[PDB]
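Top to bottom, those sequences are chains A and B. 18 is the number that the working numbering gives to position 18 of the first sequence; each next residue is one higher, with no gaps. 74 is the number that the working numbering gives to position 74 of the second sequence; each next residue is one higher, with no gaps. One structure is given here, and the rest of the page talks about it.
Protein chains: 2
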Amino acid sequence: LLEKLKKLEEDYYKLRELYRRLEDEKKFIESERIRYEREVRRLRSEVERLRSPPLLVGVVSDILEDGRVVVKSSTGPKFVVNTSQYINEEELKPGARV
Amino acid sequence: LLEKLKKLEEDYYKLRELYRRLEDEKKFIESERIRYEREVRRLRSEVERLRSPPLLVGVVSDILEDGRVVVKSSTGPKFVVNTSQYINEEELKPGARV
């Protein structure tokens with residue numbers, strides 16, 4: 001009865017202090033989490049963007065109605081390549097750097 | 001004295017649980033903190049492979065208005081790749097060693 005309630009009160013009090021004390025130690029940790037969040041995102045994004053396979057420049061030197069477009073590449077030689085579905089043969093005129 | 005013992009007991013219960021949620025929140029953050037810190041040091045490795053030798057000189061051929069830069073490499077081919085937020089594009093312009 002009386003004995004029962006006092007033991008509960010003591011035990012709530014005891015653990016209230018334990019959590020309050022721990023909270024502090026991890027508040028310092030949260031501040032750092034945020035710091036690290038900014039950098040996790042910014043670093044990863046700038047590396048993958050530069051790492052991308054170099055998109056070489058060609059100039060639509062010839063064109064055909066069969067899908068093939070002869071692009072004089074800036075490496076030296078010409079290549080005959082077939083264009084994607086993003087770019088269309090309507091967009092590809094002579095003099096068009098691609 | 002049942003009245004006395006209850007009043008102290010109810011006082012401590014609410015504070016105890018209030019701190020417990022904060023402790024639980026900030027524990028979870030602790031683990032994520034360590035995971036993300038390891039990732040900033042790993043991402044700095046990716047960054048540092050970009051900074052490492054071999055390196056090749058390029059000179060900027062032109063600036064496209066879409067936020068990409070066309071760089072004529074000293075090998076031959078000019079290539080279109082994205083820009084960084086490490087670098088500035090006010091330092092990039094036609095003839096700009098990079």
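In this text, a Cβ means the ideal position worked out from N, Cα and C, and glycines have one as well.
Residues near residue i in its chain [Cβ-Cβ closer than 8 Å; skip 5 each side]
{"i": "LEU56(A)", "result": "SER73, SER74 and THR75"}
Cβ of residue i within 8 Å of any chain B Cβ
{"i": "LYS6(A)", "result": "yes"}
{"i": "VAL40(A)", "result": "yes"}
{"i": "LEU56(A)", "result": "yes"}
{"i": "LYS26(A)", "result": "yes"}
Same chain, Cβ closer than 6 Å to residue i, five either side skipped, listed in chain order
{"i": "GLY67(A)", "result": "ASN82"}
Test: residue i CB closer than 8 Å to a CB of chain A
{"i": "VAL60(B)", "result": "no"}
{"i": "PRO53(B)", "result": "no"}
{"i": "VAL98(B)", "result": "no"}
{"i": "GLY76(B)", "result": "yes"}
DSSP-derived helix/strand/coil call for residue i
{"i": "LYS6(A)", "result": "helix"}
{"i": "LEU18(A)", "result": "helix"}
{"i": "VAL57(A)", "result": "coil"}
{"i": "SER45(B)", "result": "helix"}
Nearest neighbour of residue i, chosen from the options [CA to CA]
{"i": "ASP62(A)", "options": "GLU37(A), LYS78(A) and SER52(A)", "result": "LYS78(A)"}
{"i": "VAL71(B)", "options": "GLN85(B), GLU39(B), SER52(B) and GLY95(B)", "result": "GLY95(B)"}
{"i": "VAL98(A)", "options": "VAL60(A), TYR19(A) and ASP11(A)", "result": "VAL60(A)"}
{"i": "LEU50(A)", "options": "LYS7(B), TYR86(B) and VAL40(B)", "result": "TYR86(B)"}
Burial state of residue i, where buried means 16 or more other Cβ atoms lie within 10 Å
{"i": "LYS14(A)", "result": "exposed"}
{"i": "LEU43(B)", "result": "buried"}
{"i": "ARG33(B)", "result": "buried"}
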